[PDB]
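Sequence unavailable; structure follows:
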Ligand SMILES: Nc1ncnc2c1ncn2[C@@H]1O[C@H](COS(N)(=O)=O)[C@@H](O)[C@H]1O
Ligand code: NA
Ligand SMILES: [Zn+2]
């Protein structure tokens with residue numbers, strides 16, 4: 001079994017030993033250079049259809065927390081944009097920092113945001129998530145930056161349950177959560193082909209990164225930082241700085257949906 005994390009001894013600089021694709025040709029995240037990204041007038045508009053989303057549970061996995069969805073049918077889907085076909089929402093999670101000046105995985109002109117939300121979806125043409133991750137177009141991850149300012153009302157239900165999943169392996173019922181409350185106003189985005197940003201680092205992702213951050217309050221992000229990477233009864237290691245830094249762009253083009 002693998003023992004990866006974000007520390008000096010098990011962090012991103014170590015991952016390539018168990019997961020050699022860490023040094024691959026389409027790794028994520030990347031820096032988005034806004035003056036190199038090209039507007040692609042042929043991208044179709046992005047369609048986020050989350051009205052029938054059914055959340056189930058929230059889990060501390062020792063790396064982040066995952067809000068899990070019922071993906072047994074096309075409840076909540078992502079379509080359009082760069083995507084061919086239908087991608088089903090399976091879960092969301094975040095990456096965040098120890099301080100407000102870092103925490104995002106993607107960067108924008110080298111700017112780091114306080115956190116980044118990932119809504120993970122799988123291409124329904126492959127039948128299940130495990131099959132989808134073996135395909136170069138198997139996943140679509142919708143990434144949304146967080147900055148500290150005003151509170152995000154749609155985030156508070158998440159914040160308030162974190163006390164009940166402090167440590168690795170803890171979970172709580174998390175039904176009736178509406179992920180529409182986590183979106184910014186604009187769906188303007190950048191897109192490029194990449195990977196999972198955690199082990200196993202599979203090169204199966206179409207990334208769609210929204211240009212507009214959401215604002216969350218300092219109190220909200222402070223509560224993220226009270227989580228623990230460790231298990232119950234173990235010495236406290238605060239769950240902070242669970243982000244991978246930018247990786248080499250290599251042959252890839254980042255496209256913009258907007259001028
Ligand atoms: N063994 C595995 N096989 C396939 N997928 C796996 C996985 N472990 C985690 N994920 C997935 O990879 C995501 C992390 O990558 S990210 N930050 O969204 O780019 C996790 O949230 C899981 O959905
Ligand atoms: Na916003
Ligand atoms: Zn992620």
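Structure's in. What do you need? Residues are numbered from 1 along each chain as shown. Ligands and ions are numbered 1, 2, ... in the order given.

What's the separation between the nearest residue to residue 83 once chain neighbours are set aside and residue 256?
Counting by Cβ to Cβ, 6 or more residues apart in numbering, residue 140 is the residue found nearest to residue 83 once chain neighbours are left out, at 5.7 Å. C-beta here means a position set from N, CA and C on the backbone, and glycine is covered the same way. Counting by Cβ to Cβ, to the nearest Å, the separation of residue 140 from residue 256 is 17 Å.

Looking at those two, which one has more neighbours?
Taking other Cβ atoms under 10 Å, residue 140 and residue 256 do not tie; residue 140 has more neighbours (29 against 18).

which residues touch that one?
78, 83, 87, 121, 122, 123, 205, 206, 207, 208 (Cβ atoms under 8 Å, 6 or more residues apart in numbering).

how about 10 Å then?
46, 77-79, 81-83, 85-89, 119-123, 132, 191, 204-208 (Cβ atoms under 10 Å, 6 or more residues apart in numbering).

ok, which residues in the stretch 151-259 of the chain are in contact with ligand 2?
Near ligand 2, the residues belonging to the stretch 151-259 of the chain are 184, 214 when assessed by Cβ under 5 Å from the ion.

mind listing the helices for the stretch 151-259 of the chain?
Ranges of helices in the stretch 151-259 of the chain, per DSSP state H, counting those that start in this stretch, are 156-161, 218-224.

In terms of secondary structure, what does the first one contact?
The reference is to helix 156-161. In terms of contacts (3 or more Cβ pairs under 10 Å, 6 or more residues apart in numbering; DSSP states H and E), helix 156-161 is packed against strand 55-60, strand 65-69, helix 218-224.

So which bits of it are buried?
156, 157, 158, 159, 161 (16 or more other Cβ atoms under 10 Å).

Spatially nearest residue to the residue of the stretch 51-200 of the chain found nearest ligand 2, not counting backbone neighbours?
In the stretch 51-200 of the chain, the residue that lies nearest ligand 2 is residue 184 (3.5 Å; Cβ to the ion). In space, residue 184 comes closest to residue 212 once its chain neighbours are excluded; the distance is 3.9 Å by Cβ to Cβ, 6+ apart.

Could you do residue 50 as well?
In space, residue 50 is closest to residue 76, 4.5 Å off (Cβ to Cβ, 6+ apart).

Give me the neighbour count for that neighbour.
The number of residues near residue 76, taken as other Cβ under 10 Å, comes to 25.

Now do the phi/psi pair for it.
phi -100, psi 120 (degrees, to the nearest 10).

residue contacts, it?
With contact set as Cβ under 10 Å, 6+ apart, residue 76 has these partners: 48-55, 69-70, 87-90, 119, 121, 178-180.

Name only those of these that count as buried.
By neighbour count, with 16+ other Cβ under 10 Å, those hold 48-50, 53-55, 69-70, 87-90, 119, 121, 179 as buried.

that older thread, for the helices of the stretch 151-259 of the chain, which one sits closest to residue 8?
helix 218-224 (21.5 Å; Cβ to Cβ).

How about the residue sitting nearest the centre point of the chain: what's its closest non-neighbour residue?
The residue lying closest to the centre of the chain (Cα atoms, centre = their mean) is residue 118, at 2.1 Å. In space, and not counting its chain neighbours, residue 118 is closest to residue 141: 5.2 Å by Cβ to Cβ, 6+ apart.
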